[PDB]
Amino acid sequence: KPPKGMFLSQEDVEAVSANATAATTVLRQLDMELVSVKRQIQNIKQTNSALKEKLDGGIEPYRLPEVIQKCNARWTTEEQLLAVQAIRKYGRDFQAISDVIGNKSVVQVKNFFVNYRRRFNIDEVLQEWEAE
């Protein structure tokens, strides 16, 4: 029930009246508290300004061009051999495996996992991936 924009808690009232110099002490500690928060803002602004200056150049010297490859349905020998190595390295990450081969959808990779499960010791290969 206090006027709008007045602030008057029982808690604060006692803290400003419990002592002869309670008020100025309270407000002094809030002054120093604010000073040390501003001090901390200065250190981070300068720390972050140094970090921004390291990101000068973005990653633009390092971005490859984006090639699109017509998602073909036939598995060349060379494409099967890429999948087996991608399994060895990426496990069940069907997306990464697709991105490596280039012309094979995520599902086509999944289908590959079963059709060539026997002939490519795919189980042995996944076990081999889980060691490292």
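Sequential numbering from 1, following the sequence displayed.
Mind pulling up the entry and telling me whether 78-86 or 52-60 has the higher mean Cα temperature factor?
Higher mean C-alpha B-factor in the PDB entry: 52-60.
Quick one: higher average CA temperature factor, 67-75 or 23-31?
Going by the record's values, the stretch with the higher mean is 67-75.
Where the record places residue 45 (Cα B-factor, split into thirds across the chain)
Tercile = lowest for this residue's CA B-factor.
Cα B factor band for residue 107 (lowest, middle or highest third within the chain)
It falls in the top third of the chain.
CA B-factor ranking of residue 8, expressed as a third of its chain:
Lowest third, going by the recorded CA B-factors of the chain.
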